[PDB]
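K.L.:
Take a look at the following structure, please.
Cβ atoms come from the backbone with ideal geometry, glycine included; neighbour counts cover every protein chain shown. Read-outs: derived from the displayed coordinates by stated rules, not from any lab.
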Amino acid sequence: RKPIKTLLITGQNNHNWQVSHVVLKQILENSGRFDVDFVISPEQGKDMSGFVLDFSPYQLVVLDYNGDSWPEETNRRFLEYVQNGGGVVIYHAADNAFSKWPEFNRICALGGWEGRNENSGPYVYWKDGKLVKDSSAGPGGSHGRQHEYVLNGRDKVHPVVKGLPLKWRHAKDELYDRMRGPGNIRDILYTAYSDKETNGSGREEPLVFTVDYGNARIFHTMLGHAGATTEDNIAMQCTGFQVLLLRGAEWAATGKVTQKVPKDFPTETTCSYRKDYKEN
Ligand SMILES: [Zn+2]
């Protein structure tokens, strides 16, 4: 089969996007299943009027961006792409972007920072065997110290998770917690316990899920805080991070996952890595 034509939007981010955009392209392209094109925006505070994107050649859009609003024509074309059954991957702090764009916050379902709070929408978390909405006052977006943590599968059937272990240890990373937004989650794939003694929330927080937005296939992964270099980048070098990105990207583009469960998938107790961003 022909590789999946992918557009990766970057150029502004409070995170080290210079590292993450390169690594995201390598993870996807090293599988031989994706052909990735970068679009790099002007820097923060520069004229954005020329950052006019064409979504028509692509089956998948990967967001690695936060900061200045894209120009109105790009915003209109992005919404048209999504509403026409487009595939989207929301990666880590891309869900912080465009706090004042209602449509964008519905595409992410949950976001954080950029002044979000109870005015941004409810908390959504796992409580006593299901997702619950909680509109109580509080901050929109937090995380504790970076740490290894165990992801809990909440879906056994979804193409992205089918065949993967129910529990697996993710490499040292931030654990996003107290995220807020319209909360229109379609399928919850993975949650993790955010321990208060790691400066967490105390809740079982959603970290990997799909979003209910018309006929769009939206894969949201809050994992993968970018390291300072492509070599020292533990959260993204995690095999779990990479396998979920590859499967989520394939699913978002085509509605299906044709990738077998790899032999190097992490266990509940032991992290696994692909330091060079390839299954060898
Ligand atoms: Zn981060």
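K.L.:
Please find, within the stretch 200-224, the residue that is farthest from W126 (Cα to Cα) out of those that are more than 16 Å from the ligand (Cβ to nearest atom) and under 10 Å from the mean Cα position of the chain (by Cα).
P.N.:
Looking at residues that are more than 16 Å from the ligand (Cβ to nearest atom) and under 10 Å from the mean Cα position of the chain (by Cα), I get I218.
K.L.:
Let me ask another. Checking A171 against (1) outside any strand (DSSP E or B); (2) closer than 20 Å to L246 by Cα: exactly one of these is not met. Which one?
P.N.:
(1)
K.L.:
Here's a follow-up. Which one is nearest to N152 (Cα to Cα), of the residues in the stretch 225-241 that are within 11 Å of the ligand (Cβ to nearest atom) and surrounded by fewer than 24 Cβ atoms within 10 Å (Cβ to Cβ)?
P.N.:
By that ranking, first place goes to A235.
K.L.:
Considering only residues of the stretch 78-98 that are within 16 Å of the ligand (Cβ to nearest atom) and assigned to a helix (DSSP H, G or I), which is nearest to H15 (Cα to Cα)?
P.N.:
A93
K.L.:
Picking from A253, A235, which residue would you name as being assigned to a helix (DSSP H, G or I), under 20 Å from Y58 (Cβ atoms) and touching a strand residue (DSSP E or B) at 6+ places or on another chain (Cβ under 7 Å)?
P.N.:
Numbers: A235 fails: under 20 Å from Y58 (Cβ atoms).
Sole residue among the options that is assigned to a helix (DSSP H, G or I), under 20 Å from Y58 (Cβ atoms) and touching a strand residue (DSSP E or B) at 6+ places or on another chain (Cβ under 7 Å): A253.
K.L.:
Please verify whether the stretch 164-171 includes one or more residues that are away from the ligand (no atom under 16 Å from the Cβ), farther than 26 Å from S56 by Cα, touching a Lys or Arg at 6+ places or on another chain (Cβ under 7 Å) and among the aromatic types (F, W, Y).
P.N.:
Just the residues of the stretch 164-171 that are away from the ligand (no atom under 16 Å from the Cβ), to begin with: 164-169.
Then drop every residue that is not farther than 26 Å from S56 by Cα, which leaves 164-169.
Add one more test, that the residue is touching a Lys or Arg at 6+ places or on another chain (Cβ under 7 Å), and what stays is none.
So far as the stretch 164-171 goes, no, none of its residues is away from the ligand (no atom under 16 Å from the Cβ), farther than 26 Å from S56 by Cα, touching a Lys or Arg at 6+ places or on another chain (Cβ under 7 Å) and among the aromatic types (F, W, Y).
K.L.:
With the checklist (1) buried (at least 23 other Cβ atoms within 10 Å of the Cβ); (2) more than 30 Å from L79 (Cβ to Cβ); (3) over 14 Å from the mean Cα position of the chain (by Cα) in hand, flag the one item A253 doesn't pass.
P.N.:
(2)
K.L.:
So which residues in the stretch 99-146 are among the basic types (K, R) and either away from the ligand (no atom under 16 Å from the Cβ) or surrounded by fewer than 21 Cβ atoms within 10 Å (Cβ to Cβ) (or both), if there are any at all? Walk me through it before giving the result.
P.N.:
Taking the stretch 99-146 as the starting set, the residues that turn out to be among the basic types (K, R) are 100, 106, 116, 127, 130, 133, 145.
Listed by number, the residues that qualify are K100, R106, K127, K130, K133, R145.
K.L.:
Report the residue count in the stretch 1-50 for those that are of a type outside the set (F, W, Y), buried (at least 17 other Cβ atoms within 10 Å of the Cβ) and within 16 Å of the ligand (Cβ to nearest atom).
P.N.:
Number satisfying all stated conditions: 9.
K.L.:
Oh, and also: Output the number of residues of the stretch 114-153 satisfying the condition of being under 21 Å from the mean Cα position of the chain (by Cα), free of Cβ contacts under 8 Å to residues at least 60 places away in the same chain and on the phi > 0 side of the Ramachandran plot.
P.N.:
Total satisfying the criteria: 3.
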